[PDB]
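Coordinate analysis (summary)
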Amino acid sequence: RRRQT
Amino acid sequence: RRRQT
Amino acid sequence: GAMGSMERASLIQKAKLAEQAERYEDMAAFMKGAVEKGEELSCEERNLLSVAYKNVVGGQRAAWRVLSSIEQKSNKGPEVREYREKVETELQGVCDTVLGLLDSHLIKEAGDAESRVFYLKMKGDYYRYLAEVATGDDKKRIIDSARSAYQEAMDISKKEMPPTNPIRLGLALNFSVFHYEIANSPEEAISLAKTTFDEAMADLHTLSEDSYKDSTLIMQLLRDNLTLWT
Amino acid sequence: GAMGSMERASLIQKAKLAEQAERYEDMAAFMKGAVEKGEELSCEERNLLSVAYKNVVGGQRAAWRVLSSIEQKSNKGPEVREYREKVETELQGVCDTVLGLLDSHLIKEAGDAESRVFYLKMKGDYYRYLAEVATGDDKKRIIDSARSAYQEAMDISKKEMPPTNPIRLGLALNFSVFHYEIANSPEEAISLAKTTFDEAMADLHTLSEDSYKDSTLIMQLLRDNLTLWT
Ligand SMILES: N=C(N)c1cc(-c2ccccc2)c(CNC(=O)c2ccc3c(c2)CCO3)s1
Ligand SMILES: N=C(N)c1cc(-c2ccccc2)c(CNC(=O)c2ccc3c(c2)CCO3)s1
Ligand SMILES: N=C(N)c1cc(-c2ccccc2)c(CNC(=O)c2ccc3c(c2)CCO3)s1
Ligand SMILES: N=C(N)c1cc(-c2ccccc2)c(CNC(=O)c2ccc3c(c2)CCO3)s1
Ligand SMILES: N=C(N)c1cc(-c2ccccc2)c(CNC(=O)c2ccc3c(c2)CCO3)s1
Ligand SMILES: N=C(N)c1cc(-c2ccccc2)c(CNC(=O)c2ccc3c(c2)CCO3)s1
Ligand SMILES: [Ca+2]
Ligand SMILES: [Ca+2]
Ligand SMILES: [Cl-]
Ligand SMILES: [Cl-]
Ligand SMILES: [Mg+2]
Ligand SMILES: [Mg+2]
Ligand SMILES: [Mg+2]
Ligand SMILES: [Mg+2]
């Protein structure tokens, strides 16, 4: 999963 | 549901 | 220009990159440039042209329907109408661009039944998208232009293509939707979708596993519409 | 112009319409016009500005990452590099536009801690997006500009906002990601995300049901990153 912003 | 094209 | 200085092969390569990047406005501009080189579009390249403009006009049509619904409910000042008109005008510009590529000179240079049917189906589609937003002294002429293009495509496709051909199937699907929701001919829509579906099913026994998947994918869409309409 | 002839209230109304229509390029252009009128942006209007440009640059960044990955694998002629550079240049132009609105004159005119923090967080974000594609004699200066903007926002937010404030939380989330993947400071990223999460949790007892939902939504994102990183 991609990190969140 | 919407008709399909 | 603006794509006139770029090699045809580079434009095709970039259209494929743009598709991978989901940059469909770019994809369409690259394919417009490729068409304007004046040489054939292959099957793959015709698909690239169709997919690019399908996605561009698709976003515009979805936006137009949202704004049109808001406008209808409001009937707050002129802003809703103004912004709907802005989107509508941009949509019409894209349709005019595609129809101009078809008329100058994709269709007349299409020396194959399968290439000619592909382009005439597109001509029907983009006149239909114009008809969706038309409300003027030419909605009737626009509707007739769509029907005429579709009908000629149908005539050729029935003579020169098997009933399972996916371009033939997608043409009948869209002409059927034209009948149902543009021409106020729901019986014609149902008749066309049903005969098209049944004649494809009867021909599936002739196909490879891969062609069978291709054809049944579009058959599912015909079924979905008949299920909605009957 | 091009939005200079339109009323501020009409631009805000159209930005909201564009959002409903998922027309984020239009939304951003309307909000740029509203900013350039020279008056305050409300909380709602700041959210509209941020959402519009988030979606515009988000599509560009996703496209850039696709093209950059293809380019890396290819290392076919110059086309992949050329098209990546085209997308990159357009992305940089959007970042420069947003930073120009912040510097002329959103930030200096932000007479609230909550408005000033909002804009400084945006300044950090758009320098960070520039840093993602930077590879030049100024990547280091770009990274320092992002850190500086984020740090000032953090300083004000810790003095003037409760630890559950969603703008404060979203600022810490993004500054933490800056540390992890831009500044090569994964320990700083983990420290910031963890202290921010824990101090928000300890403050939840002070909140209404609605504020609690607001804060816990961003807390979930801090948790997701810590789960990835530890
Ligand atoms: N880059 C693209 N997009 C495409 C490239 C090619 C291609 C490639 C090599 C040779 C010939 C053609 C495509 C063929 N067309 C489809 O596979 C297809 C078309 C419409 C459709 C579905 C599938 C599902 C339902 O609607 S698509
Ligand atoms: N004669 C045929 N039956 C076909 C020939 C080719 C072809 C032609 C030249 C080179 C390589 C392949 C096809 C694949 N090309 C398509 O365009 C296609 C389009 C729409 C669609 C699907 C596929 C699946 C669902 O919807 S199909
Ligand atoms: N006006 C029509 N022609 C129809 C009328 C009726 C009907 C008649 C009496 C009672 C109830 C219904 C139909 C039944 N439905 C289908 O035959 C059917 C439905 C979906 C579908 C296909 C076929 C092929 C692909 O997907 S069709
Ligand atoms: N038209 C819009 N988009 C918005 C309008 C307003 C608003 C309306 C009236 C008064 C004040 C503000 C918004 C407030 N902001 C959010 O609700 C929000 C923001 C970021 C975020 C989430 C939620 C989920 C995680 O990331 S958003
Ligand atoms: N002082 C506060 N805690 C807030 C005050 C207002 C407000 C201000 C003026 C008018 C009406 C409402 C808020 C709603 N506005 C937001 O901008 C918001 C932003 C990002 C976000 C969420 C909400 C939820 C998840 O991520 S929150
Ligand atoms: N380098 C660090 N600081 C950490 C090291 C370890 C660890 C130590 C020994 C054994 C296994 C793991 C941590 C455990 N994980 C958390 O405490 C944690 C995880 C997700 C999360 C939150 C907290 C709050 C919100 O979402 S954190
Ligand atoms: Ca009947
Ligand atoms: Ca550690
Ligand atoms: Cl407008
Ligand atoms: Cl390019
Ligand atoms: Mg040449
Ligand atoms: Mg009009
Ligand atoms: Mg005025
Ligand atoms: Mg560059």
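Residues numbered from 1 in each chain as written, not as in the entry; some residues may be left out. Chains lettered and ligands numbered in written order. Heavy atoms only, no water. Residues with missing side-chain atoms left out of burial classes, pairs and counts.

Definition in use: UniProt positions are given in the numbering used here, feature names are shortened, and annotations may be inferred rather than shown by experiment.
Per the PDB entry, chain C is named 14-3-3 protein sigma, and its organism is Homo sapiens. Per the header of the deposited record, the title is "Ternary complex of 14-3-3 sigma, p27pT198 phosphopeptide, and WQ136". We quote the UniProt Sequence similarities comment for chain C here in full: "Belongs to the 14-3-3 family."

1. A word on the overall build of chain C
For the record, the criterion: Counting from the N terminus, the helices are the DSSP runs of H or I reaching at least four residues and the strands are the DSSP runs of E reaching at least two. The quantity called the radius of gyration is restricted to C-alpha atoms. Its globule counterpart is 2.2 Å times the number of residues to the power 0.38.
Scanning chain C from terminus to terminus reveals nine helices and zero strands. Taken from the N to the C terminus, the helices and strands of chain C come in the order α-α-α-α-α-α-α-α-α. Against the 2.2 N^0.38 benchmark of 17 Å for 230 residues, chain C shows a C-alpha radius of gyration of 19 Å, consistent with a compact globule. The C-alpha extent of chain C, read off along each of the three principal axes, is 60 × 50 × 30 Å.

2. Observations concerning the site of ligand 3
All names here are of chain C. To be explicit about the condition: Nearness is judged by heavy atoms alone; a residue qualifies as near a molecule or strand once a single heavy atom is within 4 Å of it. Using the Shrake-Rupley algorithm and a 1.4 Å probe, accessible areas are obtained, with residue cover drawn only from the displayed protein chains. In this classification, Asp, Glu, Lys and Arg are treated as charged, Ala, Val, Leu, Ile, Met, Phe, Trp, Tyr, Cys and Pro as nonpolar, and every other residue, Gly included, as polar.
Inspection of the region around ligand 3 gives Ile 190, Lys 194, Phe 197, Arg 223, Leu 226 and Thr 227 as its neighbouring residues. Considering ligand 3 on its own, with 590 Å² of exposed area, one finds that the protein chains cover 43% of that surface. Every element with two or more residues in the shell around ligand 3 is listed here: helix 8 (186-203) and helix 9 (209-229). Across the shell around ligand 3, the residue classes break down as three nonpolar, one polar and two charged.

3. Quick word on the interface of chain D and chain A
Put simply, the rule reads: A contact between two residues is defined here by any heavy atoms of the two lying within 4.5 Å.
At the junction of the two partners, chain D supplies 14 residues and chain A supplies five residues. For the side of chain D that touches chain A, the secondary-structure elements that each account for two or more residues are helix 3 (43-73), helix 5 (113-133), helix 7 (166-181) and helix 9 (209-229) of chain D. Residue contributions to the side of chain D that touches chain A peak at five residues, all from helix 9 of chain D. A per-class count over the side of chain D that touches chain A returns five nonpolar, two polar and seven charged.

4. Thoughts on the arrangement of the chains
Counting contacts across all three pairs of chains found in contact, the highest total belongs to chains C and D. A gap remains between chain A and chain B, with no contact made and the closest C-alpha atoms lying 32 Å from each other. There is a clear gap between chain B and chain D: no contact, and 18 Å between their nearest C-alpha atoms.

5. A closer look at the relation of the copies chain D and chain C
Comparison of the two chain copies shows a relationship of rotation about an axis with a shift along it. Inclusion rule: Between copies, superposition follows a least-squares criterion applied to the C-alpha atoms.
Its rotation angle being 180 degrees, the transformation that places chain D on chain C also includes 0.0 Å of axial translation and leaves an RMSD of 0.0 Å. Those values place the two copies in the arrangement expected of a two-fold rotation axis. Minimal C-alpha distance to the rotation axis in chain D is attained by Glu 25 of chain D, lying at 6.2 Å. Same-surface contact between copies: 100% of interface residues of chain D are shared with the interface of chain C.

6. So, the interface of chain D and chain C
Taken together, the 24 residues of chain D in the interface contact 24 residues of chain C. Broken down by secondary-structure element, the contributors of at least two residues to the side of chain D that touches chain C are helix 1 (8-20), helix 2 (24-36), helix 3 and helix 4 (79-106) of chain D. In terms of residue count, helix 4 of chain D provides more of the side of chain D that touches chain C than any other element does, seven residues in total. For the side of chain D that touches chain C, the per-class residue count stands at twelve nonpolar, four polar and eight charged.

7. So, the site of ligand 1
All names here are of chain C. Note the following rule: Polar contact is the term for a pair of N or O atoms within 3.5 Å; when the atoms are in protein, one must be able to donate a hydrogen and the other to accept it, and sequence-neighboring residues count only if both atoms are side-chain atoms.
Around ligand 1, a shell composed of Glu 19, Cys 43, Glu 44, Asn 47, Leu 48, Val 51, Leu 217 and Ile 218 is seen. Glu 19 is positioned such that a nitrogen or oxygen atom in its side chain is 2.7 Å from a nitrogen atom of ligand 1. Look at ligand 1: alone it shows 590 Å² of surface, and the protein chains cover 44% of it. Of all the elements in the fold, those that place two or more residues in the shell around ligand 1 are helix 3 (43-73) and helix 9. Looking at the shell around ligand 1 element by element, the count peaks at five residues for helix 3.

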